[PDB]
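Taking it in order: structure first as structure tokens, then the write-up.
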Amino acid sequence: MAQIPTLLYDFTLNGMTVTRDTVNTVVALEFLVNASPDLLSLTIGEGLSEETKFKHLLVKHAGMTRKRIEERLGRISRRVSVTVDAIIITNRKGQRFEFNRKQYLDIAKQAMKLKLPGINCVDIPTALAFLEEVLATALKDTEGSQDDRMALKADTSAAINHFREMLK
Amino acid sequence: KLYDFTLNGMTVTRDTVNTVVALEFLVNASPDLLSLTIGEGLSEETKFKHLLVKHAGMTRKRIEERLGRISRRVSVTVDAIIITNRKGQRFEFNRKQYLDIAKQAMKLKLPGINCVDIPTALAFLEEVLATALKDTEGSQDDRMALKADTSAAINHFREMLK
């Protein structure tokens, strides 16, 4: 077993206090609905089920700092509504998309623990979705050093190719 | 071959390497990277403890590679380990105190995927999947879906490197 290394109510959203778990689910769903088709494709790729899209977006956002996810919450707070039973996302045209809170809080807990129900393996695609965020963040962190960026790409490329060969 | 390591002309043990490397990460990793790798809500000592045990799990080849790349940002003195950030600011840590904390950190068994080094994390996932794909008791349909989904995830990951 493995899990996302980033592990209540200490966040605020539309005048109400919420958990980090709720914030992560809200921000992931809002991105799912309102990111441009191009940004969504670049972020998670194509051919995923809606629940798997959420899982991969969730673990990327669950790694954000408090500071950065509070900045996100502020930017999108007016687009979201957390009710007793639902998380409701409004798109740029005013259409509302309802997501069952229970259902997505359970999906989120699966994803944070990299669990696949009924399958004896870590959720490898979700773990790789998280590692993509690690890579993207480490790459920005080198952008004033061509050497450090090259070493990071070369070392990661070697590892990802070794992992390709294992499946070939 | 040298049993210990060389840092800025000084012979240092793996214990010192692990502590230097973890402290350099703590100081110079972006807050975004730190959150991804160890989470938040940790005290300053606990941040180091988590970073220590994670870097201690890196192979010698990978840690010796890291050591070379950070050597220009670190200094080991009798009393202190000194980390310099990209702005020239110096952050100093009592060397004996943090070597002692490191011995305690070595006792931690953390559940998070260890991603202070991305190849290390990918090697863990590769091993875990190889095991699952070989235990043919369970569902062949499940295994073929997992293999297909993982290949697609690897292809999406690869795209970030071009």
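Residue numbering restarts at 1 in every chain; chains get A, B, ... in the order shown in the structure tokens, and ligands count up from 1 in that same order.
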
message: Using only C-alpha atoms, I'd like every residue of chain A that has an atom within 7 Å of chain B; please write them out as a ChimeraX atom specification.
response: /A:2-7,45,63-65,120-121,124-125,128,132,134,137-138,141,153,155-157,159,163

Any chance you can output those residues with N, CA, C and O atoms as a JSON list (two decimals), in the first residue's frame?
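Resulting contents of selection_11.json:
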[["chain", "number", "residue", "atom", "x", "y", "z"],
["A", 2, "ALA", "N", 0.30, 2.32, -0.60],
["A", 2, "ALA", "CA", 0.87, 3.65, -0.54],
["A", 2, "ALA", "C", -0.28, 4.64, -0.58],
["A", 2, "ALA", "O", -1.42, 4.29, -0.89],
["A", 3, "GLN", "N", 0.03, 5.89, -0.25],
["A", 3, "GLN", "CA", -0.98, 6.93, -0.28],
["A", 3, "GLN", "C", -0.32, 8.26, -0.62],
["A", 3, "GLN", "O", 0.90, 8.40, -0.61],
["A", 4, "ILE", "N", -1.17, 9.23, -0.95],
["A", 4, "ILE", "CA", -0.68, 10.60, -1.14],
["A", 4, "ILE", "C", -0.14, 11.10, 0.18],
["A", 4, "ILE", "O", -0.75, 10.85, 1.24],
["A", 5, "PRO", "N", 1.12, 11.59, 0.13],
["A", 5, "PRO", "CA", 1.91, 12.01, 1.27],
["A", 5, "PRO", "C", 1.38, 13.23, 2.00],
["A", 5, "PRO", "O", 1.86, 13.50, 3.05],
["A", 6, "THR", "N", 0.41, 13.91, 1.43],
["A", 6, "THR", "CA", -0.21, 15.09, 2.05],
["A", 6, "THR", "C", -1.40, 14.61, 2.89],
["A", 6, "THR", "O", -2.47, 15.11, 2.63],
["A", 7, "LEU", "N", -1.21, 13.76, 3.91],
["A", 7, "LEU", "CA", -2.30, 13.16, 4.73],
["A", 7, "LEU", "C", -3.38, 12.68, 3.76],
["A", 7, "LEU", "O", -3.49, 11.47, 3.57],
["A", 45, "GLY", "N", -5.51, 14.45, -19.58],
["A", 45, "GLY", "CA", -5.59, 13.58, -20.73],
["A", 45, "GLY", "C", -7.02, 13.14, -20.99],
["A", 45, "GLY", "O", -7.97, 13.64, -20.40],
["A", 63, "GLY", "N", -2.38, 18.32, -3.06],
["A", 63, "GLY", "CA", -1.01, 18.67, -2.75],
["A", 63, "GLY", "C", -0.73, 20.15, -2.66],
["A", 63, "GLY", "O", 0.38, 20.54, -2.28],
["A", 64, "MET", "N", -1.70, 20.99, -3.01],
["A", 64, "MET", "CA", -1.51, 22.43, -2.95],
["A", 64, "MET", "C", -1.30, 22.89, -1.51],
["A", 64, "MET", "O", -1.80, 22.29, -0.56],
["A", 65, "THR", "N", -0.55, 23.98, -1.35],
["A", 65, "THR", "CA", -0.40, 24.60, -0.05],
["A", 65, "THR", "C", -1.74, 25.19, 0.40],
["A", 65, "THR", "O", -2.62, 25.48, -0.41],
["A", 120, "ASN", "N", -6.34, -5.91, -6.32],
["A", 120, "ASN", "CA", -5.19, -6.03, -5.43],
["A", 120, "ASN", "C", -3.98, -5.28, -5.98],
["A", 120, "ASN", "O", -2.94, -5.85, -6.31],
["A", 121, "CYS", "N", -4.12, -3.96, -6.06],
["A", 121, "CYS", "CA", -3.01, -3.13, -6.51],
["A", 121, "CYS", "C", -3.26, -1.68, -6.14],
["A", 121, "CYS", "O", -4.41, -1.23, -6.05],
["A", 124, "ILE", "N", -2.31, 2.85, -9.66],
["A", 124, "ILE", "CA", -1.12, 3.38, -10.31],
["A", 124, "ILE", "C", -1.43, 4.64, -11.12],
["A", 124, "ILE", "O", -0.65, 5.61, -11.04],
["A", 125, "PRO", "N", -2.49, 4.68, -11.93],
["A", 125, "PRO", "CA", -2.74, 5.91, -12.71],
["A", 125, "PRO", "C", -2.96, 7.14, -11.84],
["A", 125, "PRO", "O", -2.53, 8.24, -12.20],
["A", 128, "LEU", "N", 0.42, 8.20, -10.50],
["A", 128, "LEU", "CA", 1.17, 8.90, -11.54],
["A", 128, "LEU", "C", 0.62, 10.29, -11.78],
["A", 128, "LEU", "O", 1.38, 11.21, -12.09],
["A", 132, "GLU", "N", 2.93, 13.54, -11.55],
["A", 132, "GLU", "CA", 2.99, 14.58, -12.57],
["A", 132, "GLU", "C", 3.04, 15.97, -11.94],
["A", 132, "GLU", "O", 3.74, 16.86, -12.42],
["A", 134, "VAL", "N", 4.19, 16.62, -8.89],
["A", 134, "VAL", "CA", 5.53, 16.74, -8.31],
["A", 134, "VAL", "C", 6.52, 17.17, -9.38],
["A", 134, "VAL", "O", 7.33, 18.09, -9.18],
["A", 137, "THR", "N", 6.02, 20.81, -10.56],
["A", 137, "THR", "CA", 6.46, 21.76, -9.55],
["A", 137, "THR", "C", 7.98, 21.78, -9.44],
["A", 137, "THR", "O", 8.59, 22.85, -9.31],
["A", 138, "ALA", "N", 8.62, 20.61, -9.50],
["A", 138, "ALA", "CA", 10.08, 20.56, -9.46],
["A", 138, "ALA", "C", 10.69, 21.23, -10.68],
["A", 138, "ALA", "O", 11.75, 21.85, -10.58],
["A", 141, "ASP", "N", 10.76, 24.92, -10.38],
["A", 141, "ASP", "CA", 11.71, 25.20, -9.32],
["A", 141, "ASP", "C", 13.15, 25.20, -9.82],
["A", 141, "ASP", "O", 14.04, 25.59, -9.06],
["A", 153, "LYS", "N", 14.86, 16.22, -16.07],
["A", 153, "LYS", "CA", 14.22, 15.56, -17.21],
["A", 153, "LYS", "C", 14.92, 14.25, -17.56],
["A", 153, "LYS", "O", 14.26, 13.24, -17.82],
["A", 155, "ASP", "N", 16.79, 12.22, -15.71],
["A", 155, "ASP", "CA", 16.60, 11.18, -14.70],
["A", 155, "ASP", "C", 15.17, 10.67, -14.71],
["A", 155, "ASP", "O", 14.93, 9.46, -14.58],
["A", 156, "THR", "N", 14.20, 11.56, -14.85],
["A", 156, "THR", "CA", 12.81, 11.12, -14.88],
["A", 156, "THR", "C", 12.51, 10.35, -16.16],
["A", 156, "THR", "O", 11.82, 9.33, -16.13],
["A", 157, "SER", "N", 13.03, 10.83, -17.29],
["A", 157, "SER", "CA", 12.83, 10.12, -18.55],
["A", 157, "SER", "C", 13.38, 8.71, -18.49],
["A", 157, "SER", "O", 12.73, 7.76, -18.95],
["A", 159, "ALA", "N", 13.67, 6.83, -15.87],
["A", 159, "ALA", "CA", 12.81, 6.03, -15.00],
["A", 159, "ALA", "C", 11.49, 5.70, -15.68],
["A", 159, "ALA", "O", 10.99, 4.57, -15.56],
["A", 163, "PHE", "N", 9.96, 1.96, -16.89],
["A", 163, "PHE", "CA", 8.62, 1.54, -16.51],
["A", 163, "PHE", "C", 7.80, 1.18, -17.74],
["A", 163, "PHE", "O", 7.00, 0.23, -17.69]]

task: Would you please work out which residue, of B:49, B:14, B:87, B:1, is nearest to residue 102 of chain B when using only C-alpha atoms?
output: B:49

Produce a table with one row for each residue of segment 21-77 of chain A that has an atom at most 10 Å from any atom of segment 98-117 of chain A, each row naming the nearest atom pair and its distance in Å at one decimal; use only C-alpha atoms; arrange rows by chain and rising residue number; format as CSV.
residue,atom,partner,partner_atom,distance
A:21,CA,A:105,CA,7.6
A:22,CA,A:105,CA,7.4
A:24,CA,A:108,CA,8.5
A:25,CA,A:108,CA,6.9
A:26,CA,A:101,CA,9.5
A:28,CA,A:108,CA,9.9
A:29,CA,A:99,CA,8.3
A:51,CA,A:107,CA,7.6
A:52,CA,A:107,CA,9.0
A:54,CA,A:108,CA,8.1
A:55,CA,A:111,CA,5.6
A:56,CA,A:111,CA,7.8
A:57,CA,A:111,CA,9.8
A:58,CA,A:108,CA,6.9
A:59,CA,A:112,CA,6.4
A:62,CA,A:112,CA,8.2

task: Write down as a list in words the residues belonging to chain A that are assigned strand (DSSP E or B) by DSSP computed on the backbone.
output: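 Checking each residue of chain A, the strand (DSSP E or B) ones are residues 3, 11, 12, 13, 16, 17, 18, 80, 81, 82, 86, 87, 88, 89, 90, 96, 97, 98, 99 and 100 of chain A.
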
- prompt: For residue 64 of chain B, which of B:84, B:94, B:6, B:104 is the closest residue, counting only C-alpha atoms?
  reply: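 Residue with the minimum atom-to-atom distance to residue 64 of chain B: B:6.
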
task: Among the residues of segment 72-161 of chain B, find those DSSP assigns to alpha helix (DSSP H) from the backbone and print them as a VMD selection string.
output: chain B and resid 95 to 105 118 to 134 140 to 159

task: Mind giving me the straight-line distance from atom CA of residue 145 of chain A to atom CA of residue 25 of chain B in Å, one decimal?
output: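 Atom CA of residue 25 of chain B lies 16.2 Å from atom CA of residue 145 of chain A.
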
- prompt: What does the distance from atom CA of residue 8 of chain B to atom CA of residue 75 of chain B come to in Å, to one decimal?
  reply: 7.7 Å
